[PDB]
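Listed here are the chains, written in short residue letters.
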Protein chains: 6
Amino acid sequence: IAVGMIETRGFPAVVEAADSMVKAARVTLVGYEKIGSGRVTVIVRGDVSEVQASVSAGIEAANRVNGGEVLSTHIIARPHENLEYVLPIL
Amino acid sequence: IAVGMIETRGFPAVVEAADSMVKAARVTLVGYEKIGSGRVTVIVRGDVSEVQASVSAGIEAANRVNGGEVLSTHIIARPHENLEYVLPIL
Amino acid sequence: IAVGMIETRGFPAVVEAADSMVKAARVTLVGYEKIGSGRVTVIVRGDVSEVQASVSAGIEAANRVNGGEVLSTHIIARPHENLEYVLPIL
Amino acid sequence: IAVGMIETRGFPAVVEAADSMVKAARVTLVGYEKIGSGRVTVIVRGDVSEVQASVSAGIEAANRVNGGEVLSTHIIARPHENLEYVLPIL
Amino acid sequence: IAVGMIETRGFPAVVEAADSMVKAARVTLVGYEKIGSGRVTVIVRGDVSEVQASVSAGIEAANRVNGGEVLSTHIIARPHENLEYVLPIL
Amino acid sequence: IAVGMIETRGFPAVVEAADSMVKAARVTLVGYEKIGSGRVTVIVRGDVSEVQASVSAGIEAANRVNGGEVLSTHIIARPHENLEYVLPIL
């Protein structure tokens with residue numbers, strides 16, 4: 001199933017992105033990843049058109065957070081199931 | 001229920017924010033998150049108007065801490081319960 | 001067996017690299033390593049010519065990720081089995 | 001009970017602060033927190049006037065450490081007990 | 001027994017150093033240490049002249065890795081056994 | 001008992017400091033602490049005059065490590081036993 005992710009610098013902005021993503025389309029929040037250097041990603045799963053709508057809303061909400069910084073965003077439509085048991089996206 | 005969060009650079013300032021937030025309104029401190037790079041967030045839950053009063057007081061106290069730096073602050077009024085079992089806000 | 005790895009700055013770009021690598025050749029994703037400072041590597045195993053095709057595709061996909069940054073890439077054709085029980089490449 | 005904390009950049013300077021704090025007043029060292037980026041805090045508890053005397057001595061000792069850097073210092077006199085079970089200050 | 005170590009910035013370059021070290025002399029890879037800030041070290045043990053040959057080959061291979069950076073290298077010929085149970089070199 | 005500590009930037013240089021300290025006086029290596037940002041400390045215990053001799057030798061050896069950087073050094077002669085059960089110096 002399709003995967004969407006928004007990476008911010010800072011925790012409060014990632015939470016806003018995570019809230020705005022789930023409220024914007026039929027997606028479920030499945031993942032929260034921390035890789036250091038203040039870089040934090042939230043991950044959603046769903047239909048690709050729904051994930052597109054969630055990520056769109058997630059980005060513009062996280063941008064408006066006080067001291068919020070979006071670092072990177074990305075969507076994959078049909079990720080290989082090999083990723084699912086190696087990377088924390090589910 | 002509503003969520004409020006203040007992210008500082010440095011530990012002592014996050015503790016002051018956490019103390020000033022709980023003392024400023026009917027909220028309960030539920031979370032302390034560390035994402036690296038000296039970035040640390042404390043999280044409170046309560047009624048949105050109470051969370052607004054706590055966050056307001058939390059910010060101006062943390063700012064007055066010696067070597068204190070507030071990085072980002074944010075309030076969500078009715079976060080989706082999907083966040084609660086993925087992100088450490090409860 | 002041959003090992004290929006792509007290191008990015010940021011999580012979403014590493015996931016794209018990991019997806020693009022597995023979809024580009026007969027390789028299996030075996031590893032995801034985090035060393036701090038936003039530096040994250042995904043690792044694939046397979047035949048050397050297949051790993052070359054995967055890494056090639058992995059790099060140009062990760063480069064096109066919004067806010068994606070490839071830091072370092074490398075392929076070893078017949079790594080010593082001593083590495084396999086010390087480093088997380090399998 | 002009152003809480004005092006000194007955050008340094010570097011480990012040896014935090015240990016000197018921790019030693020100088022306990023030797024300067026009736027306080028007990030209860031906490032050592034690491035938040036990344038070389039930022040490290042030691043925490044003492046006691047009477048507020050005692051904590052003031054400890055923190056005063058802690059700061060000027062840590063400053064004289066070779067390559068020592070104090071980042072932030074702070075004292076709370078009667079922190080809310082809500083903090084005690086969320087933050088590592090006891 | 002003698003210890004050799006190469007520290008790189010980045011994971012793929014440390015793996016190349018680790019592979020090139022074991023393939024260059026009678027040494028065994030025993031250690032992989034992560035200290036943050038992208039700084040990563042691989043450690044080999046063996047005869048000092050063998051460790052010298054491995055480290056020599058490890059360095060020039062890691063240097064040729066795409067985006068590879070060697071930060072620090074060092075050899076000790078007869079380290080004290082006190083180190084062995086405190087530091088992860090065995 | 002007296003405590004001595006040398007903090008370096010990088011792992012190989014901390015190991016050299018740890019080896020040079022134990023070989024320079026009647027001290028025992030007891031601790032290895034990692035606080036992020038490449039900052040790493042080794043800690044020795046012993047008589048204060050012995051710790052002085054070890055730290056002296058530890059510093060000039062770590063300085064001569066290829067890419068070695070000493071960040072901070074410090075000695076306490078009679079640290080309070082309160083530190084021993086809060087900080088990893090024993």
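Under the annotation held in the PDB entry, chain A carries the name Carbon dioxide-concentrating mechanism protein ccmK homolog 2 and is attributed to Synechocystis sp.. Taken verbatim from the UniProt record of chain A, the Subunit (literature references left out) comment is "Homohexamer, might also make dodecamers. Interacts with full-length CcmM. Forms mixed heterohexamers of all possible stoichiometries with CcmK1, which might form dodecamers. Only very weak interactions with CcmK3 and CcmK4 were seen." Checking UniProt for chain A, the heading Sequence similarities contains the comment "Belongs to the bacterial microcompartments protein family. CcmK subfamily."

**Student:** Hey, could you run me through the UniProt feature "domain: BMC" in chain A in this one?
**Tutor:** As recorded in UniProt, the sites labelled "domain: BMC" are residues 2-88 of chain A. Between the end C-alpha atoms of residues 2-88 of chain A there is a gap of 14 Å, over a span that is 38% helix and 39% strand.

**Student:** Just checking my understanding: could you explain the interface of chain A and chain C for this structure?
**Tutor:** How big an interface is tends to be stated in terms of accessible area lost as the parts join. Opposite the 25 residues of chain A that make contact, chain C presents 24 residues. In total, chain A and chain C occlude about 1,900 Å² of area from one another, counting both sides; carbon and sulfur atoms represent 66% of this. Sorting the residues of chain A by area buried against chain C places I35(A), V86(A) and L87(A) first, and these three jointly supply 27% of that buried surface. The interface formed by chain A and chain C contains one salt bridge. In this structure, the salt-bridge partner of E33(A) is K34(C), at a minimum N-O distance of 2.8 Å. Joining chain A to chain C, the criterion identifies nine residue pairs in polar contact.

**Student:** When you look at the side chain of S20(F) in this model, what are you seeing that I'm missing?
**Tutor:** Tracing the backbone shows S20(F) in helix α1 (residues 11-24). When near neighbours in sequence (up to four residues on either side) are disregarded, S20(F) contacts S54(F), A57(F), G58(F) and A61(F).

**Student:** Would you take a moment to explain the interface of chain F and chain D for this structure?
**Tutor:** Taken together, the contact between chain F and chain D spans 25 residues of the former and 24 residues of the latter. Carbon and sulfur atoms supply 67% of the area that chain F and chain D bury against each other, a total of about 1,900 Å² over both sides. Three residues stand out in chain F for area buried against chain D, namely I35(F), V86(F) and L87(F), and they jointly supply 27% of the buried area on that side. At the junction of chain F with chain D, the criterion picks out nine residue pairs in polar contact. Of all the secondary-structure elements, those providing two or more residues to the side of chain F that touches chain D are β1 (2-9), β2 (27-36), β3 (39-46), β4 (69-76) and α3 (81-84) of chain F. For the side of chain F that touches chain D, the leading source of residues is β4(F), giving five residues. Class assignment for the residues of the side of chain F that touches chain D results in twelve nonpolar, eight polar and five charged.

**Student:** Could you clarify how one ought to interpret the relation of the copies chain A and chain C in this entry?
**Tutor:** Relating one copy of the chain to the other requires a rotation about an axis plus a shift along that axis. Here chain A sits on chain C after a turn of 60° about the axis and a move of 0.0 Å along it, with an RMSD of 0.0 Å. The transformation relating the two chain copies, once decomposed into turn and shift, fits a six-fold axis. Interface overlap between copies: only 12% of the residues of chain A at the interface are likewise at the interface in chain C, consistent with a contact formed by different surfaces.

**Student:** What is the right way to look at the relation of the copies chain F and chain D in this model?
**Tutor:** Its rotation angle being 60°, the transformation that places chain F on chain D also includes 0.0 Å of axial translation and leaves an RMSD of 0.0 Å. Both copies present different contact surfaces, since only 12% of the interface residues of chain F are interface residues in chain D too.

**Student:** When you look at helix α1 (residues 11-24) of chain C in this model, what are you seeing that I'm missing?
**Tutor:** Working note: α-helix, 3.6 residues per turn, so residues spaced by three or four point in the same direction. All names here are of chain C. Spanning 14 residues, α1 covers 20 Å between terminal C-alpha atoms, matching the ideal 20 Å at 1.5 Å per step. The element α1 is extensively covered by neighbouring structure, given that twelve of its 14 residues are classed as buried. Within α1 the residues assigned to the buried category are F11, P12, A13, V14, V15, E16, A17, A18, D19, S20, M21 and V22.

**Student:** What's the story with helix α2 (residues 48-62) of chain D in this structure? I'm lost.
**Tutor:** All names here are of chain D. A rise of 1.5 Å per residue sets the reference length of α2, with its 15 residues, at 21 Å; its end C-alpha atoms lie 21 Å apart and thus fit the reference within 8%. Listed in full, the buried residues belonging to α2 are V51, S54, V55, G58, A61 and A62. The buried residues of α2 all sit within an arc of 130° when viewed along its axis, so they share a single face. Residues of α2 that are buried in the fold lie against β1 (2-9), α1 (11-24), β2 (27-36), β3 (39-46) and β4 (69-76).

About the thresholds
- Residues numbered from 1 in each chain as written, not as in the entry; some residues may be left out.
- Chains lettered and ligands numbered in written order.
- Heavy atoms only, no water.
- UniProt positions renumbered as here; feature names shortened; annotations may be inferred.
- Helix = DSSP H or I, 4+ residues; strand = E, 2+ residues; numbered from the N terminus.
- Contact = heavy atoms within 4.5 Å.
- Buried area = accessible area lost by both parts, 1.4 Å probe.
- Salt bridge = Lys/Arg side-chain N within 4 Å of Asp/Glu carboxyl O.
- Polar contact = N/O pair within 3.5 Å; in protein donor to acceptor, adjacent residues only side chain to side chain.
- Nonpolar A, V, L, I, M, F, W, Y, C, P; charged D, E, K, R; others polar.
- Least-squares fit on C-alpha atoms.
- Expected span 1.5 Å × (residues − 1).
- Buried < 20%, exposed > 50% of the residue type's maximum accessible area, 1.4 Å probe, protein only.
- Arc of directions from axis to C-beta.

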